[PDB]
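**Q** quick one, fold the following:
(chains A, B, C and D, ligands or ions: 1)
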Amino acid sequence: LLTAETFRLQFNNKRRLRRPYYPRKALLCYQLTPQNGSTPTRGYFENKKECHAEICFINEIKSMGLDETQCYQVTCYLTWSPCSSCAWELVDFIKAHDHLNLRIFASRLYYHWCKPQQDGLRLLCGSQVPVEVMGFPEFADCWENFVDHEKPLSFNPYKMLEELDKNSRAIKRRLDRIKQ
Amino acid sequence: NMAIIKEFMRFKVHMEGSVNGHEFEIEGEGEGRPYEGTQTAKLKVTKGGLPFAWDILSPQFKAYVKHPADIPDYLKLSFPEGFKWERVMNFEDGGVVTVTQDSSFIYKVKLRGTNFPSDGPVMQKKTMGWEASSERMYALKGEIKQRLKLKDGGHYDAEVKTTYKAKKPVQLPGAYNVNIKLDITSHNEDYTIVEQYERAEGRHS
RNA sequence: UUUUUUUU
RNA sequence: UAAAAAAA
Ligand SMILES: [Zn+2]
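**A** Residues are numbered from 1 along each chain as shown, chains lettered A, B, ... in the order given. Okay, here it is:
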């Protein structure tokens, strides 16, 4: 339940951004895929009132009602990379549920450019969650899946194609050099 | 197949058409990703610059449909030889459109449109783009009950039947349905310079 | 979302 | 005052 404009307003993030200065917030998009009966659920979480969308989505999974029998391959396409502390909350919540396997795909490597948020997401890509930045498909996946692709179109048909490619080309190599 | 059909490919298209006796030609170049189901195309009118709606030409641009790895991609395997397709579109007000096309990328199209009413939504340009239409596939045949949006409300319906035939025999798939969405990304006032975007993905029936 | 460097 | 690119 997103807007086509909001997609590029929050997911598209260049090295030097657009004409308005830093009008950007953090979003998360969880795609829970129960393969038992092929019963998928989807949802977006804005960065809410001093509770990062990671903790909000963790509490959503908590208070929604889980099924301890089968395994879930949950994908999560998020705009801004998770910070240090909520990444540790995420890995602690994933260690308690062995029937969960999560993939994390970010759009921009958001952090305070200090030391804690460097290894805060290095444990994920090395212990439980393969963490890489978005490319072409995961954007195209999150584009029509989460953001409503209904009748109207807010003049963003393929402008992302070049911006998605710039973001991939730069930040994916950045994230690979980080993981290495 | 994957070694010759790269993840990014361009094409060139030449169309000769005649609608209600008005002859014209269209030259275009495009680019996209065949395995991800996205493509864009830029067209230019070279003759007759069009007295009719451009939307009747958009559904004619199919080798860029995303197929799962466990579903044989019938249209991709036809290359490098290519394929042909022939389409008949009967509009509800008597308009008829017959299209033939060869794909080898080099596309050669021949189009003939006849019997369009002078006060109909096609010749009067009262259309607002095509609605989403799920085409069920089962040579390969496809039938569409397509709906054209009207400016004043309602829909303008048409029956479309298309036959796609590959130049080389390959394994035919089972029953499936393709979700397709086409968008006009940019156009001038007289629709002489048009860019189009297409997304297509197959699903099990 | 904060720094450092090169070029037009 | 615009904009291209790279390092942590
Ligand atoms: Zn956080």
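
**Q** excluding its backbone neighbours, what's nearest the spatially most central residue of chain B?
**A** Centroid-nearest residue in chain B, with CA atoms, centre = their mean: residue B:60, separated by 2.1 Å. Take residue B:60 and drop its neighbours on the chain: the residue closest to it by CB to CB, 6 or more residues apart in numbering or on different chains is residue B:99, 5.5 Å away. To be clear about C-beta, it is placed using only N, CA and C from the backbone, and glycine gets the same treatment.

**Q** how would you label residue A:7: helix, strand or coil?
**A** Recorded secondary structure, residue A:7: helix (DSSP: H, G, I helix; E, B strand; the rest coil).

**Q** how close does it get to residue B:39?
**A** Distance, residue A:7 to residue B:39, by CB to CB, to the nearest Å: 20 Å.

**Q** what residues does chain B put near chain A?
**A** When proximity is defined as CB under 8 Å from any CB of the partner chain, chain B approaches chain A at B:33, B:36, B:38, B:40, B:131, B:181, B:183, B:185, B:197, B:199.

**Q** closest to residue A:86 out of these?
**A** residue B:36 (31.3 Å; CB to CB).

**Q** that closest one against residue B:67, yeah?
**A** No: Residue B:36 is beyond contact range of residue B:67, at 10.6 Å (criterion: CB atoms under 8 Å).

**Q** spatially, which two of the residues of chain B next to chain A are the most separated?
**A** Once CB to CB is applied, the residues of chain B next to chain A give B:33 and B:131 as the farthest pair, at 24.9 Å.

**Q** in chain A, what residue comes closest to RNA strand C?
**A** residue A:22 (3.5 Å; CB to the nearest atom of the strand).

**Q** that residue belongs to a helix?
**A** No: with three-state DSSP as the criterion, residue A:22 is located in coil rather than a helix.

**Q** any chance you could map the strands in the chain?
**A** Since you didn't name a chain, this refers to chain A. Per DSSP state E, chain A carries strands over the ranges A:27-32, A:41-46, A:72-80, A:100-108, A:131-133.

**Q** wrong one, chain B
**A** Using DSSP E, strands in chain B cover B:9-19, B:22-33, B:38-47, B:83-91, B:96-103, B:106-114, B:127-130, B:133-137, B:140-150, B:155-166, B:176-187, B:193-204.

**Q** neighbouring strands - and their directions - for the second one?
**A** By that I understand strand B:22-33. Each strand that pairs with strand B:22-33, with its direction, by DSSP bridges: strand B:9-19 (antiparallel), strand B:38-47 (antiparallel).

**Q** RNA strand D is nearest to which of those strands?
**A** RNA strand D lies closest, by CB to the nearest atom of the strand, to one member of the strands paired with strand B:22-33: strand B:38-47, at 20.5 Å.

**Q** hmm, back to that, how close does the residue nearest to the centre of chain B sit to residue A:42?
**A** Counting by CB to CB, the gap from residue B:60 to residue A:42 is 34 Å.
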